[PDB]
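Student: The following block contains the structure, expressed as structure tokens.
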Amino acid sequence: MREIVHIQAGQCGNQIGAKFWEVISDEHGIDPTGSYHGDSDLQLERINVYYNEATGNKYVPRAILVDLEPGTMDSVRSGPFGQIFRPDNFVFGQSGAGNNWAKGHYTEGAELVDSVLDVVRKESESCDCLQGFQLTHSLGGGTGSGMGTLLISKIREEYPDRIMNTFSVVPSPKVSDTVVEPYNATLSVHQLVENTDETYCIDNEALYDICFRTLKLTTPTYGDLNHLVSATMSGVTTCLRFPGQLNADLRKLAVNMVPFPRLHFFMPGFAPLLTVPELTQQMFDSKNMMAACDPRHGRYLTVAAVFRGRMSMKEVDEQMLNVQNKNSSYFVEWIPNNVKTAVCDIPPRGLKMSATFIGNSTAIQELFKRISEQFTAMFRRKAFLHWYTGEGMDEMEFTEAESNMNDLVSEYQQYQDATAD
Amino acid sequence: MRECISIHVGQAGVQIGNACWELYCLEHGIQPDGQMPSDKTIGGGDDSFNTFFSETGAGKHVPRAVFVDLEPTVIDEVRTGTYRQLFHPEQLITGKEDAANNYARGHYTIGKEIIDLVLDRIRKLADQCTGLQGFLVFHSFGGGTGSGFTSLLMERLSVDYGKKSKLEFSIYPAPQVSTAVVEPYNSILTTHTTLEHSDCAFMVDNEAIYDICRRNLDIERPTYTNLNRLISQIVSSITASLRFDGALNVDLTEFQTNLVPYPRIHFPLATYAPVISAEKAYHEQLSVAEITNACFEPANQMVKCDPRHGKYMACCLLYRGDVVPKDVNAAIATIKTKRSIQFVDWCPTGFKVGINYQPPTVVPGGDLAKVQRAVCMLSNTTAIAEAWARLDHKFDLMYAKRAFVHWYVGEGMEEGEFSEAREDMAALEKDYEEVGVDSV
Amino acid sequence: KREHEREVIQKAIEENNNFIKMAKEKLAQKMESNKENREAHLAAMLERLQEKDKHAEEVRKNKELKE
Ligand SMILES: Nc1nc2c(ncn2[C@@H]2O[C@H](COP(=O)(O)OP(=O)(O)OP(=O)(O)O)[C@@H](O)[C@H]2O)c(=O)[nH]1
Ligand SMILES: Nc1nc2c(ncn2[C@@H]2O[C@H](COP(=O)(O)OP(=O)(O)OP(=O)(O)O)[C@@H](O)[C@H]2O)c(=O)[nH]1
Ligand SMILES: COc1ccc(CNc2c(-c3ccccc3O)nc3ccc(F)cn23)cc1
Ligand SMILES: [Ca+2]
Ligand SMILES: [Mg+2]
Ligand SMILES: [Mg+2]
């Protein structure tokens, strides 16, 4: 199992997508035309996971860039690594989505979807052995929120035995103040719970609060938030991209991290935003979580930890045992050995030592409740439904979407209260 | 004749085959390209080393073995590594996609795509054999390929080769080096489905080996390379009775007669000595009494259990090197008076001894000292049921909530298989308790 | 004694054959139960996805037939 097919959908999807590709290209020694100017063989060893090999030793991202609004094509192409993307994989619709989910999922996205699916098939057929699909998008907008989740459901039908990853950007009043973002997210979440195997909750409220309090910024741009999201996206793909004694792919991740099919919402964390015990304490700290939850208000079902840099592997073992010992109550006792640890020698650009953290915590229900509450404030007085019922939707579908997400919260709560005896 | 075919399954199986076959080549003076200067009979022969190696007409000595994995990365390193010329390309077998830490995919979904090919190749080796003794199967308990493909293979081997003997060297999972949360499920499923088809099974506890590397070899954080080098030494001690001539050499099957009192009780505890660094072995010759005594120190065991709080049903000593019966007998006399050794009332209490004159060897650039003499004890103790118990408890914690069970059911398994397997292990734990109870 | 000597070897053959038989049959049993189960899981997954396509047809025919 080698090749992953990346899909960036909507504005959020395409900007965090571009950053992701800028960083990992830098980490693999790839420049904007797409040559290899590196030095280390480890950079090339599993380059196949994200790149195709064209003539003249030219490495080309396996990315599929999708939006209903053009100009997001222009910005991506005028950006640092815009030259590197494959020209035919840009699949940009006409009239845009204007922050409506029913336009993304039911009408306007429904036409463009087939011409995306053609780029997907072209990319999937040239895969020796395809593992799955990662979709970067947001859940607040229209295209990425709604077309993104139709693509998911349509890719699922042609490739139902392949893994479906999402980097799902969750919306917050502090970053964007569009009013219907709690509708769009709750509709998306009702799709995600059924059709993805694993979703990383990158969350705008957490990213704002980090940018503000940790990084000092008094009012931050999108570019500031995305410096974080790219650092995370670099970290939770390290075990896919570099060799290591561990072999690591999207299914092995899913099997080991997801104890119940519906509880596939991960809380990521990065550190720093320096020594091994401090790294280890920082990454289990609620300030370093890219979702806006507190580990100490629930329990970890499972954790992956990834350390990058030259460091004593003995020291890392002793520390990871340490935080499990000192924080024993915040892991469920009925899953043994539920915190694992990898180490890549090669650190990221800038830092000499990093540590990235993937947690499936039952405290992720704090995120689904904050969304649920902003949603329920609107829906119970039918606000802004002409946007949705106008494109054809029923009211039923809002009740189901709301109820499904409350079940998800209730189930996260059930396994938090569970006991070994 | 008396040929023995080795089958190496999944990463652990493969990487331990490297350690083993590298070691056997050094033990018999076989060069990387497969040539053996000291073999005057070119093309074939009847020599003791021919139980593990066929000869070609060109003078190549070729392992009677097959490496099998459902993904190419581990076997690709055998294809391009120091010993790439030793193996015929058809012995090294790979798929495109792994079992993903799932017994089900290893047994059914990915596994049934490659199984006929694997048996076809095993068959090609079996037909180079004038009197095939049986198979040696190397695999992890915890992997998806190691657990599920091995189970499928063992089932199929019982069909193609009847009652022809099958030995397992099984890697038992440990948290220090564990790769998957679901290892306890895989372990209990493979153990269950393999138990009627295996004749003897040497468990190796990764933790036990991990502890030995830290404690005795001064290794701060042992890798797989460190563990496999130690394991290959133990494997070598056990197979050395098959690979060497000797006046005092007792064959491995004769030990098996003593080691297996009922079909299900076929899990011997191994213990190896001396494991010592060069630094510590310098000006420090270890006598027969010291290494024999070290066999009853439970820190030297391959599985973490306590034989002292259990009962022996057999005790075999496999010595290699500068050892003569006199020293062995004196050493055993000392141990009987000074140590905690209680047999069940239905076994005779005699220790069965075997001796190979070929002293043990070391792989270049390793951590073990070259020593003049060495010993592997194979005991059948009820204590080893402790290992089943620990693992069965981890299984029960998860199975009570159905954690991860959907990943197995989605690939076609039913809940029935899980509980059927767990009850078999419940019965096995009860069997190991029964044999220890005194008669009336 | 000679007739007993033939009964014992016939028994040894019989039981060896029986093991090979019931292992062969037990195995074919499981592989067939599994394939039916795996296929039934994927058939249900695809039938839930084809039930969405058919709900998307109702929403696209509520915009076109409400104007
Ligand atoms: N973290 C982060 N969030 C972003 C970025 N760009 C947009 N967003 C968020 O995206 C959400 C809105 O979705 P967009 O991706 O802009 O919209 P879209 O899904 O493309 O839909 P349309 O613009 O309606 O076609 C809001 O919550 C924004 O704050 C970004 O670069 N980084
Ligand atoms: N002693 C030892 N143990 C190993 C080695 N490689 C992996 N393991 C252990 O084996 C278990 C994992 O099984 P693997 O053999 O890697 O898995 P696999 O059989 O290749 O199965 P998949 O990779 O899931 O198809 C864990 O307990 C590992 O610590 C090795 O070289 N030596
Ligand atoms: C209980 O937790 C796990 C068990 C197995 C896996 C699969 N592979 C994997 C991963 C991993 C896999 C895919 C993508 C990103 C990743 O970071 N990271 C680790 C770290 C340690 C380790 F032992 C395995 N890891 C994941 C988690
Ligand atoms: Ca010869
Ligand atoms: Mg847009
Ligand atoms: Mg493997």
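By convention in this document, the chains of the structure tokens carry letters A, B, ... by their order, each chain's residues are numbered from 1, and ligands are numbered from 1 in the order they are shown.
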Compute the chain C side of the contact with chain B at 6 Å, counting only C-alpha atoms, and hand it back as a JSON list (two decimals) with C-alpha atoms, in the first residue's frame.
Tutor:
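What landed in iface.json:
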[["chain", "number", "residue", "atom", "x", "y", "z"],
["C", 20, "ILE", "CA", -7.06, -34.30, 6.86],
["C", 34, "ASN", "CA", -16.55, -15.41, 5.44],
["C", 37, "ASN", "CA", -20.33, -12.20, 5.36],
["C", 38, "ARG", "CA", -17.79, -9.75, 3.82]]
Student: I'd like the contact shell of stretch 145-151 of chain A - 8 Å cut-off, only C-alpha atoms, skipping same-chain residues fewer than 6 positions apart - returned as a PyMOL selection string.
Tutor: chain A and resi 9-10+100-105+109-110+113+117+135+137-139+184-185+188+191-192
Student: For a quick check of understanding, using only C-alpha atoms, which of B:270, B:180, B:9, B:435 has the smallest distance to chain A?
Tutor: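 Nearest candidate to chain A out of B:270, B:180, B:9, B:435: B:180.
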Student: Which residues are close to residue A:37, i.e. within 12 Å by only C-alpha atoms, leaving aside same-chain residues fewer than 2 positions away? Reply as a PDB file with C-alpha atoms, in the first residue's frame.
Tutor:
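Everything below was put into part-v6.pdb:
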ATOM      1  CA  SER A  25       7.806  19.337  -0.776  1.00  0.00           C
ATOM      2  CA  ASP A  26      10.351  21.295   1.315  1.00  0.00           C
ATOM      3  CA  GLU A  27      10.760  18.273   3.624  1.00  0.00           C
ATOM      4  CA  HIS A  28      11.309  15.951   0.608  1.00  0.00           C
ATOM      5  CA  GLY A  29      13.627  18.355  -1.307  1.00  0.00           C
ATOM      6  CA  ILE A  30      11.176  19.310  -4.067  1.00  0.00           C
ATOM      7  CA  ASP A  31      11.230  22.808  -5.690  1.00  0.00           C
ATOM      8  CA  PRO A  32       8.437  24.652  -7.590  1.00  0.00           C
ATOM      9  CA  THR A  33       9.208  23.079 -11.043  1.00  0.00           C
ATOM     10  CA  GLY A  34       9.381  19.701  -9.190  1.00  0.00           C
ATOM     11  CA  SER A  35      13.041  18.490  -9.254  1.00  0.00           C
ATOM     12  CA  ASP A  39      20.913  15.109  -0.189  1.00  0.00           C
ATOM     13  CA  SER A  40      19.342  12.316   1.950  1.00  0.00           C
ATOM     14  CA  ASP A  41      17.897   9.077   0.449  1.00  0.00           C
ATOM     15  CA  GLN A  43      13.475  12.024   1.457  1.00  0.00           C
ATOM     16  CA  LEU A  44      12.881   9.926  -1.702  1.00  0.00           C
ATOM     17  CA  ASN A  57      12.939  13.152 -12.880  1.00  0.00           C
ATOM     18  CA  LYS A  58       9.947  15.442 -12.294  1.00  0.00           C
ATOM     19  CA  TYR A  59       7.883  14.705  -9.106  1.00  0.00           C
TER      20      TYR A  59
END
Student: Stretch 227-239 of chain A: which residues within 7 Å, counting only C-alpha atoms, same-chain residues fewer than 2 positions away excluded, as a count of residues only?
Tutor: 12
Student: Please identify every polymer residue within 7 Å of ligand 2, using only C-alpha atoms and all ligand atoms, and present the set as a ChimeraX atom specification.
Tutor: /B:9-13,15-16,69-70,98-102,106,139-147,171-174,177-179,206,224-225,227-228
Student: What residues of the protein or nucleic acid chains come within 7 Å of ligand 3 when you use only C-alpha atoms and all ligand atoms? Reply as a VMD selection string.
Tutor: (chain A and resid 236 to 240 246 248 to 250 252 to 253 256 to 257 302 to 306 337 to 342) or (chain B and resid 178 to 181)
Student: So which residues touch residue B:336 within 12 Å, counting only C-alpha atoms, skipping near sequence neighbours fewer than 4 positions away, as a ChimeraX atom specification?
Tutor: /B:292-293,296,329-332,340-343,349-351
Student: Can I get the selection written as an mmCIF file, in the first residue's frame, with C-alpha atoms?
Tutor:
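So again_17.cif came out as:
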data_model
loop_
_atom_site.group_PDB
_atom_site.id
_atom_site.type_symbol
_atom_site.label_atom_id
_atom_site.label_comp_id
_atom_site.auth_asym_id
_atom_site.auth_seq_id
_atom_site.Cartn_x
_atom_site.Cartn_y
_atom_site.Cartn_z
ATOM 1 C CA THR B 292 23.587 -24.633 33.987
ATOM 2 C CA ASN B 293 22.732 -22.663 37.148
ATOM 3 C CA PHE B 296 17.076 -21.840 36.472
ATOM 4 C CA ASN B 329 26.085 -34.468 35.911
ATOM 5 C CA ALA B 330 27.957 -32.739 38.734
ATOM 6 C CA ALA B 331 26.241 -29.440 37.807
ATOM 7 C CA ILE B 332 22.752 -31.070 37.857
ATOM 8 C CA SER B 340 13.228 -24.816 43.469
ATOM 9 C CA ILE B 341 12.425 -27.799 41.167
ATOM 10 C CA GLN B 342 9.206 -29.684 41.808
ATOM 11 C CA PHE B 343 7.949 -32.158 39.206
ATOM 12 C CA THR B 349 12.390 -36.329 37.498
ATOM 13 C CA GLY B 350 15.446 -37.053 35.273
ATOM 14 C CA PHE B 351 16.878 -34.201 33.178
#
Student: Tell me, as a PyMOL selection string, which residues lie within 10 Å of residue B:328, counting only C-alpha atoms; anything in the same chain fewer than 3 positions away does not count.
Tutor: chain B and resi 288-289+292+317+319+323-325+331-333+353-355
Student: Save the residues we just selected, C-alpha atoms, as a PDB file, in the first residue's frame?
Tutor:
ATOM      1  CA  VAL B 288      29.384 -25.708  32.935  1.00  0.00           C
ATOM      2  CA  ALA B 289      27.998 -25.301  36.503  1.00  0.00           C
ATOM      3  CA  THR B 292      23.587 -24.633  33.987  1.00  0.00           C
ATOM      4  CA  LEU B 317      19.394 -29.395  28.515  1.00  0.00           C
ATOM      5  CA  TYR B 319      24.581 -27.910  25.589  1.00  0.00           C
ATOM      6  CA  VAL B 323      31.106 -29.677  27.493  1.00  0.00           C
ATOM      7  CA  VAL B 324      31.491 -33.275  28.654  1.00  0.00           C
ATOM      8  CA  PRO B 325      28.907 -35.438  30.545  1.00  0.00           C
ATOM      9  CA  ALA B 331      26.241 -29.440  37.807  1.00  0.00           C
ATOM     10  CA  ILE B 332      22.752 -31.070  37.857  1.00  0.00           C
ATOM     11  CA  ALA B 333      23.457 -32.704  41.276  1.00  0.00           C
ATOM     12  CA  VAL B 353      20.898 -33.922  28.257  1.00  0.00           C
ATOM     13  CA  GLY B 354      22.303 -33.373  24.753  1.00  0.00           C
ATOM     14  CA  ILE B 355      25.702 -32.042  23.712  1.00  0.00           C
TER      15      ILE B 355
END
Student: Could you work out which residues of chain A fall inside 10 Å of chain C? Count only C-alpha atoms, and format the result as a ChimeraX atom specification.
Tutor: /A:102,105-107,110,150,153-154,156-158,160-161,194-195,389-394
Student: Restricted to N, CA, C and O atoms, what would the selected residues look like written as a compact mmCIF listing (two decimals), in the first residue's frame?
Tutor:
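The result, stored in out.txt:
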# COMPACT_ATOMS: atom_id res chain seq x y z
N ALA A 102 -26.59 23.22 0.90
CA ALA A 102 -27.46 22.57 -0.07
C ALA A 102 -27.03 22.82 -1.52
O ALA A 102 -27.31 21.99 -2.39
N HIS A 105 -23.86 20.37 -1.80
CA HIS A 105 -24.17 18.94 -1.71
C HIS A 105 -25.23 18.48 -2.73
O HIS A 105 -25.09 17.39 -3.32
N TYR A 106 -26.26 19.31 -2.98
CA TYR A 106 -27.41 18.89 -3.82
C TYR A 106 -27.52 19.43 -5.25
O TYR A 106 -27.85 18.65 -6.15
N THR A 107 -27.27 20.71 -5.48
CA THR A 107 -27.47 21.29 -6.82
C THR A 107 -26.17 21.59 -7.56
O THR A 107 -25.75 20.83 -8.43
N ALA A 110 -23.37 19.13 -7.44
CA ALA A 110 -23.82 17.94 -8.17
C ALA A 110 -23.45 17.91 -9.65
O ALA A 110 -23.30 16.82 -10.21
N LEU A 150 -20.18 15.45 -0.50
CA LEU A 150 -20.74 14.65 -1.59
C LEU A 150 -19.63 13.87 -2.26
O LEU A 150 -19.80 12.69 -2.53
N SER A 153 -18.88 10.87 -0.25
CA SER A 153 -19.90 9.87 -0.42
C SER A 153 -19.84 9.19 -1.81
O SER A 153 -20.13 8.01 -1.93
N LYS A 154 -19.46 9.94 -2.83
CA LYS A 154 -19.30 9.40 -4.18
C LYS A 154 -18.01 8.61 -4.40
O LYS A 154 -18.00 7.69 -5.21
N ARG A 156 -16.58 6.98 -1.95
CA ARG A 156 -16.96 5.80 -1.18
C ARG A 156 -17.62 4.70 -2.03
O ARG A 156 -17.35 3.52 -1.81
N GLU A 157 -18.46 5.07 -2.99
CA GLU A 157 -19.14 4.09 -3.87
C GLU A 157 -18.25 3.40 -4.87
O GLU A 157 -18.48 2.24 -5.17
N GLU A 158 -17.29 4.12 -5.43
CA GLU A 158 -16.33 3.53 -6.38
C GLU A 158 -15.12 2.89 -5.70
O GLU A 158 -14.46 2.04 -6.31
N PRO A 160 -15.12 1.65 -2.02
CA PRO A 160 -15.61 1.37 -0.65
C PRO A 160 -14.68 0.57 0.27
O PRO A 160 -14.93 0.51 1.46
N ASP A 161 -13.65 -0.05 -0.29
CA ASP A 161 -12.63 -0.77 0.47
C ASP A 161 -11.30 0.03 0.60
O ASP A 161 -10.27 -0.55 0.92
N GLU A 194 -20.91 9.02 9.12
CA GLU A 194 -21.27 7.84 8.34
C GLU A 194 -20.23 7.43 7.30
O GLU A 194 -20.10 6.25 7.05
N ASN A 195 -19.49 8.38 6.71
CA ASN A 195 -18.71 8.12 5.48
C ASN A 195 -17.19 8.26 5.54
O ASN A 195 -16.51 7.93 4.57
N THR A 389 -34.10 25.20 2.33
CA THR A 389 -35.39 24.74 1.76
C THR A 389 -35.69 25.27 0.33
O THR A 389 -36.51 24.68 -0.38
N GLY A 390 -35.03 26.37 -0.05
CA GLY A 390 -35.06 26.90 -1.41
C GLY A 390 -34.32 26.05 -2.42
O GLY A 390 -34.78 25.92 -3.55
N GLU A 391 -33.18 25.48 -2.04
CA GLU A 391 -32.44 24.58 -2.94
C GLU A 391 -33.02 23.14 -2.98
O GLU A 391 -32.57 22.31 -3.77
N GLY A 392 -34.03 22.88 -2.16
CA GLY A 392 -34.87 21.68 -2.25
C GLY A 392 -35.02 20.90 -0.96
O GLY A 392 -35.86 19.99 -0.87
N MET A 393 -34.21 21.22 0.05
CA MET A 393 -34.08 20.37 1.24
C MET A 393 -35.33 20.33 2.08
O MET A 393 -36.10 21.28 2.13
N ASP A 394 -35.48 19.22 2.80
CA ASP A 394 -36.53 19.06 3.78
C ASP A 394 -36.08 19.67 5.12
O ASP A 394 -34.91 20.03 5.28
